[PDB]
There are 2 protein chains.
Amino acid sequence: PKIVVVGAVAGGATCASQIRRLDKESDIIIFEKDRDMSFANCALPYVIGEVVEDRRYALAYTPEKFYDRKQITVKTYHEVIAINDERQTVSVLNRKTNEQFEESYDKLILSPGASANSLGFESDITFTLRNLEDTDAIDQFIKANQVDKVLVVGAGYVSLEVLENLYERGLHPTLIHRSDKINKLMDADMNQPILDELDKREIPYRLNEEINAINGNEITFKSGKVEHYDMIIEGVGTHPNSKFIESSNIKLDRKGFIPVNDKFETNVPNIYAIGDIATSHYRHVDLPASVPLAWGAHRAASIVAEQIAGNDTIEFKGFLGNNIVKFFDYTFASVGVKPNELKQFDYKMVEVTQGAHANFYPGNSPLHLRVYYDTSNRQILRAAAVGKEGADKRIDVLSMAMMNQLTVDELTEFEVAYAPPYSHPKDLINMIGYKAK
Amino acid sequence: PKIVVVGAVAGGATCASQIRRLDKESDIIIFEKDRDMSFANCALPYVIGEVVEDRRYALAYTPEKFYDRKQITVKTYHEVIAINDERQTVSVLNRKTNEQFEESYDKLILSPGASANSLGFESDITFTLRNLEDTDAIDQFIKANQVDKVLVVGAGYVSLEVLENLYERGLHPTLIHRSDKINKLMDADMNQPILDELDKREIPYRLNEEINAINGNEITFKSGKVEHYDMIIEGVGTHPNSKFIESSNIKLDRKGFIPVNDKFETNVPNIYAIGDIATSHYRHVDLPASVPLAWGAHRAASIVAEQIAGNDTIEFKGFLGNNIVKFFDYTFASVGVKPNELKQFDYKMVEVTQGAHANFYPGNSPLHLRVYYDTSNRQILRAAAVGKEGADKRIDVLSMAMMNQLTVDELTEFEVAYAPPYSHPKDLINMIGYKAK
Ligand SMILES: Cc1cc2nc3c(=O)[nH]c(=O)nc-3n(C[C@H](O)[C@H](O)[C@H](O)COP(=O)(O)OP(=O)(O)OC[C@H]3O[C@@H](n4cnc5c(N)ncnc54)[C@H](O)[C@@H]3O)c2cc1C
Ligand SMILES: Cc1cc2nc3c(=O)[nH]c(=O)nc-3n(C[C@H](O)[C@H](O)[C@H](O)COP(=O)(O)OP(=O)(O)OC[C@H]3O[C@@H](n4cnc5c(N)ncnc54)[C@H](O)[C@@H]3O)c2cc1C
Ligand SMILES: *SCCNC(=O)CCNC(=O)[C@H](O)C(C)(C)COP(=O)(O)OP(=O)(O)OC[C@H]1O[C@@H](n2cnc3c(N)ncnc32)[C@H](O)[C@@H]1OP(=O)(O)O
Ligand SMILES: *SCCNC(=O)CCNC(=O)[C@H](O)C(C)(C)COP(=O)(O)OP(=O)(O)OC[C@H]1O[C@@H](n2cnc3c(N)ncnc32)[C@H](O)[C@@H]1OP(=O)(O)O
Ligand SMILES: [Cl-]
Ligand SMILES: [Cl-]
Ligand SMILES: [Cl-]
Ligand SMILES: [Cl-]
Ligand SMILES: [Cl-]
Ligand SMILES: [Cl-]
Ligand SMILES: [Mg+2]
Ligand SMILES: [Mg+2]
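Residues numbered from 1 in each chain as written, not as in the entry; some residues may be left out. Chains lettered and ligands numbered in written order. Heavy atoms only, no water.

As recorded in the PDB header, X-ray crystallography is the method behind this entry, and the stated resolution is 1.8000 Å.

A few words now on the site of ligand 3. Looking at ligand 3, there are 21 residues lining it, with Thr14(A), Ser17(A), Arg21(A), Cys42(A) and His298(A) nearest. Mapping the residues adjacent to ligand 3 onto the chains of the assembly identifies chains A and B. Contact distances for ligand 3 include 2.9 Å between an oxygen atom and a side-chain N or O atom of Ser17(A). Taking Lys70(A), its side chain carries an N or O atom lying 3.0 Å from an oxygen atom of ligand 3. Contributions of two or more residues to the shell around ligand 3 are made by α1 (12-22), α4 (63-70) and α8 (294-309) of chain A together with α9 (428-434) of chain B. Per element, the largest residue contribution to the shell around ligand 3 is five residues, and it comes from α1(A). (Near = heavy atom within 4 Å. Polar contact = N/O pair within 3.5 Å; in protein donor to acceptor, adjacent residues only side chain to side chain. Helix = DSSP H or I, 4+ residues; strand = E, 2+ residues; numbered from the N terminus.)

Each partner contributes residues to the interface: chain B has 58 residues there, and chain A has 57 residues. Both faces combined, the contact of chain B with chain A buries some 5,300 Å², and carbon together with sulfur accounts for 61% of it. A per-residue breakdown of the area chain B buries against chain A is headed by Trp295(B), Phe360(B) and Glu415(B), which together make up 16% of the total. Here chain B is connected to chain A by five salt bridges. Of the charged contacts, one joins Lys317(A) and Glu413(B) as a salt bridge, the two residues approaching to 2.8 Å between their closest N and O atoms. On inspection of chain B and its partner chain A, the count reaches 23 residue pairs in polar contact. Elements with a contribution of two residues or more to the side of chain B that touches chain A: α1 (12-22), α7 (294-309), β22 (323-327), β23 (330-336), α8 (391-402) and α9 of chain B. Per-element tally for the side of chain B that touches chain A: the top contributor is α8(B), with seven residues. (Contact = heavy atoms within 4.5 Å. Buried area = accessible area lost by both parts, 1.4 Å probe. Salt bridge = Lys/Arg side-chain N within 4 Å of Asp/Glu carboxyl O.)

Residue and element names in this part refer to chain A. Residues other than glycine seldom take positive phi values, yet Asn208 does so here, at roughly 55 degrees. Relative to the helices and strands, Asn208 resides in the loop between β12 (205-207) and β13 (211-215). Residue classification places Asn208 among the partly exposed residues on the basis of a relative accessible area of 43%. (Buried < 20%, exposed > 50% of the residue type's maximum accessible area, 1.4 Å probe, protein only.)

Residue and element names in this part refer to chain B. Along strand β11 (residues 172-177), five of the six residues are buried, which leaves the element largely enclosed by surrounding structure. Pairing analysis gives five bridges linking strand β10 (residues 149-153) to β11, with the strands arranged parallel. Each bridged residue has a counterpart across the sheet, and for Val150 the counterpart in β11 is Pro173. Note that the unit made of β10, helix α5 (residues 157-169) and β11 has a crossover that is right-handed. (Pairing = 2+ DSSP bridges. Right-handed = clockwise from strand over helix to strand, strands pointing away.)

We now examine the packing of helix α9 (residues 391-403) of chain A against α8(B). It is the contact of α9(A) with α8(B), at a shortest axis distance of 9 Å, that shows an interaxial angle of 20 degrees. As far as their axial angle goes, α8(B) and α9(A) are roughly parallel. Relative to α8(B), the crossing made by α9(A) is right-handed. The residues of α8(B) that touch α9(A), namely those facing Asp392(A), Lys393(A), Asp396(A), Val397(A), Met400(A) and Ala401(A), are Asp392(B), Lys393(B), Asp396(B), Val397(B), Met400(B) and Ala401(B). Looking at side-chain class alone, the contact of α9(A) with α8(B) contains six nonpolar, no polar and six charged residues. (Axes fitted to C-alpha atoms, helices over the stretch in contact; angles between N-to-C directions. Parallel < 35°, antiparallel > 145°, perpendicular 65-115°, else oblique. Left-handed = near helix turned anticlockwise from the far one by under 90°. Nonpolar A, V, L, I, M, F, W, Y, C, P; charged D, E, K, R; others polar.)

Mapping one chain copy onto the other needs a rotation about an axis and a shift along that axis. Overlaying chain B with chain A gives an RMSD of 0.4 Å, the required rotation being 178 degrees about an axis along which the chain moves by 0.0 Å. One copy is carried onto the other by what is essentially a two-fold rotation axis. A symmetric contact is evident, with 97% of the interface residues of chain B recurring at the interface of chain A. (Least-squares fit on C-alpha atoms.)

On to the UniProt feature "binding site: substrate" in chain A, then. Residues and elements named next belong to chain A. When the UniProt feature table is mapped to this numbering, "binding site: substrate" covers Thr14, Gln18, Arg21, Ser38, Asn41, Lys70, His298 and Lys426. Maximum C-alpha separation among the annotated residues is 49.7 Å over a sequence range of 413 residues, too wide for a single clustered spot. With respect to the helices and strands, the residue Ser38 is situated in the loop between β2 (28-31) and α2 (44-48). In this structure, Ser38 is in contact with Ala8, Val9, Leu59, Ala60 and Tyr61, ignoring residues within four places of it in sequence. Mapped onto the elements of the fold, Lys70 is located in helix α4. On the basis of relative accessible area, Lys70 is assigned to the buried category, the value being 14%. Sequence-distant contacts of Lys70, that is, excluding residues within four places in its chain, are made with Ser17, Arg20 and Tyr61. (UniProt positions renumbered as here; feature names shortened; annotations may be inferred.)

With that settled, consider the site of ligand 2. Taken together, 36 residues surround ligand 2, and among them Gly11(B), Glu32(B), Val80(B), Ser111(B) and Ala294(B) come closest. Ligand 2 sits at a junction of chains, with neighbouring residues supplied by chains A and B. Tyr418(A) places a main-chain nitrogen or oxygen 3.0 Å from a nitrogen atom of ligand 2. A distance of 3.2 Å is found between an oxygen atom of ligand 2 and a backbone nitrogen or oxygen belonging to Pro292(B). With the chains in place, 97% of the 1,000 Å² that ligand 2 exposes on its own is no longer accessible. (Areas by Shrake-Rupley, 256 points an atom, 1.4 Å probe, with all protein chains shown as cover.)

Turning our attention to the sheet that holds strand β3 (residues 73-75) of chain A. Residues and elements named next belong to chain A. One open sheet accounts for five strands, arranged β3-β2-β1-β7-β19; its pairing is parallel. On the outer flanks of this sheet lie β3 and β19 (271-273), each paired with one strand and no other. Each adjacent strand pair in this sheet contributes to an overall mean axis angle of 15 degrees, direction not counted. Sheet topology note: the β2/β3 ladder contains three bridges and is parallel. Counterpart to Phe31 in the pairing with β3 is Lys75. Its contacts with the sheet put α1 on β1 (3-6), β2 and β7 (107-110), and the angle it makes with β2 is roughly 175 degrees.

Right, let's get into the packing of aromatic side chains. All names here are of chain B. Scanning all chains against the criterion turns up 24 aromatic pairs over all chains. Plain terms: the ring middles of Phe221 and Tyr229 are 6.3 Å apart, the flat faces sit at 80 degrees to each other, and that makes the pair edge-to-face. Among the residues examined, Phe221 registers a relative accessible area of 1% and is labelled buried. Judged by its relative accessible area of 1%, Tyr229 falls in the buried class. Here the aromatic rings of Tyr330 and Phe332 are separated by 6.3 Å at their centres, their planes lie at 40 degrees, and the arrangement is tilted. (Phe/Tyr/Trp six-rings, centres within 6.5 Å; stacked < 30°, edge-to-face > 60°.)

With that out of the way, let us pick up the sheet that holds strand β21 (residues 288-289) of chain A. The strands that make up a sheet pair up through hydrogen bonds in the backbone, lying either parallel or antiparallel. Residues and elements named next belong to chain A. With mixed pairing, the three strands of this open sheet are ordered in space as β18-β20-β21. At either margin of the open sheet sits one strand with a lone partner, and together these are β18 (258-259) and β21. Looking at chain direction, strand β20 (residues 278-281) and β21 are connected through two bridges and run antiparallel. Across the sheet, the residue bridging to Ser280 is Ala289, located in β21.

Structural data, given as structure tokens:
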């Protein structure tokens, strides 16, 4: 079939590539509104930090290389401005020429993702971070202005990664956030090490703080404080790129996301939606779920490829919401329903804090593991782990447990790989099971 | 009930402790033939390497402390020399006085573990490593003789740990092993980095090599080579501590181990056996299993405690055989049936070699992950991972999958925790799944 894809990055380019793996005949075209396809979204903060300096790590392909290798046509600087689902075309704006045209499709795959929110100030020194265009512009602004002091706004994983990278680059960031609710995917009382790592490095932060006014480099804050900054990076949330979808027959929720079934089909025949734009359900509980992360974009890309050109019995089984961030020496990982969603269950919490590996063994660091379970059936609802070492391991194991409908009690049966550098004979995971009841 | 435990370490002291958690009234006595209870078996190589300096790390308890904290009586230098099972007593030799006596029991728990094998040479420079007495003697001998050149016999994981520790202490070890099957719980082709790490450090080794004769410090080998060594550590296997059991009604297998049911009961009422002495079965396949490792000792200890003083419906579900060792920069982990046991199944093998984490993120290294599955039912039979980073995480996840008899195909659904320092959007685990079709 003739396949059109909207968005040429984590969901879209991946999906198109996966289809080509299965189907060498179909015409495939991707429209991307910005300059680059296949940029490495998750690498961006590290590019800014000069931790990642090879351009080849910043983006996988140009349209020319992608066509040469895969015979997939990608048109950059082409923005889809409407979906004409009844006539099975999309309307596309060529942004170089400022002329629009219709492109027909047999199958349409929407992976437009989200855009960064902006505070709205009229400021030449303020930047958001979403793509490689943004990344290049930030790097260039730092160099042209000999930037030293940077204000980082917001305390989600993106902002936190950007802050760390600015620091490692040798700049001097200050972090502010409008509330004390930092790193919101993690249990609020488990985020202290973020603040400790800031303090340890004498990196200033202010919570319950906001930009009030900007006058050149002079920033006035809600607290009443007045400071001078060379640059500002705003990480104040994102919004779904769905405005171009609203006039079509595609069902959107009230927040502008696209609900999909387990084949990533929208309500409209022959139109799929994947990536950050799509909403689904949890795998382990009967609740809606939105998990705007890379795993989901990639998993959906594969499922859609099977749906269109492969085994159409392959369907999504729902999200677990596994997520993770590094901040200096610490790892913050969690899986399952969000803190705010726990209230829909009768639940209990169990926790253990123990060395990631043998107590007698050097280089040890306390790992805090917390598990929430449903009192009605003992099923695991959510897990969270924070520590310098071993948090990723414990959370991935618990992700696999939740995939298999394990009860908290059965965690005593988990057979850990034990030697002194790695764990304990009764691992933190086993201890959760013992401590449950 | 009156409880007697034989052996005061990984299985025995643990089980006694777990019973006390549930039962504060029963009299519990443990007999231990050697000097120390609750020594840290797994720390011993690292004590030798002076990685563990604080000997306090090598000994968790003294009998006096155990009685003060847990009201459990532990008699060291007390060797159980017979089990009089029909009268429900054990005969105990007080090694300090060489006088024996009977101790009555309502329940008897056997955790005597295993002893080091010896090559049997008449040599004052040869040592084995099984307890803290041995570690003390080795440490003392190194100092007293200013040991430099040390011959390490045996290539099992503990000998490898001892070798690394001797090297890091500043000594010059040579490794020999009677065959080429080093680190035998791992796939033979995947053990190459052991030899690479030896080579990189110019640590000599010879496989299919054996001691022929010992003449003071002059060692003559099967190969005909003659070398002088200051010390020899023999790691040539272990044997079950069951000689004191042979006169009783307890059934032993032809190798001197004790087959137990899922309640860790022997064939004799009121007698349990746990730890290295006990044999069981696999959880995921119908085959016998012996897994002489710490996790199994600890798990059986809790199950016996529940049987005796807690919830007696709690039973063992069998072993998976999860195991791991660090050797210099590399980790070697496997789980499931042993290499030689694969031939009892119709199976296929899937493998990937990919970066432990995002390719663009610094400090990356190749992680080799291999999965064997049963062709009759797609179930995972065995998995093995080797790499500088991430092998423990992948194998623990696969242990949790196998615990649930998950299929190789379902690995595509595993929801990994992804950020650049940790994994990939399609993790190695997912790739096994995608590559299994
Ligand atoms: C700085 C940063 C760091 C991140 N780190 C992590 C991480 O460590 N772990 C993790 O799991 N996730 C991380 N993410 C999240 C991640 O990248 C997303 O979940 C993923 O990119 C979603 O894929 P997508 O296809 O939905 O959106 P994208 O990959 O953002 O691609 C969407 C594309 O569609 C284009 N588009 C939108 N509308 C139109 C239109 N009307 N016409 C044509 N093109 C259009 C956009 O320009 C865009 O290029 C990070 C994101 C950022 C910005
Ligand atoms: C150097 C070394 C490193 C190791 N590293 C690891 C590792 O990294 N990971 C892992 O999972 N396992 C490791 N192990 C294995 C581990 O320690 C065992 O699996 C575990 O100790 C088994 O518990 P157990 O109670 O059966 O035997 P043990 O802990 O050895 O205790 C048994 C005790 O019973 C006593 N005893 C025996 N007979 C009598 C008797 N007749 N009367 C009175 N007392 C008696 C013994 O003297 C001994 O103290 C290591 C072992 C050694 C020696
Ligand atoms: S924010 C974190 C995520 N970031 C992003 O995703 C960034 C944007 N990504 C993209 O634009 C796409 O994911 C790109 C990079 C365009 C995908 O193109 P690639 O060409 O690099 O990678 P492929 O997916 O095409 O293939 C790479 C190799 O991986 C193996 N492989 C992929 N998919 C499969 C399946 N389904 N089954 C088995 N193996 C698979 C193969 O090694 C493939 O190369 P081979 O030549 O097939 O071996
Ligand atoms: S070779 C690797 C293994 N080798 C060894 O085990 C060496 C010798 N081991 C032993 O002698 C015992 O394992 C000792 C060291 C005596 C300890 O036995 P326990 O496993 O019973 O642990 P503790 O009683 O010392 O308590 C430690 C912490 O774990 C909590 N805990 C243990 N068991 C449970 C159960 N069943 N349920 C809930 N919690 C449990 C303890 O309460 C304790 O927590 P803290 O907050 O640190 O006190
Ligand atoms: Cl990326
Ligand atoms: Cl229309
Ligand atoms: Cl704790
Ligand atoms: Cl230990
Ligand atoms: Cl008798
Ligand atoms: Cl039996
Ligand atoms: Mg219209
Ligand atoms: Mg503690």
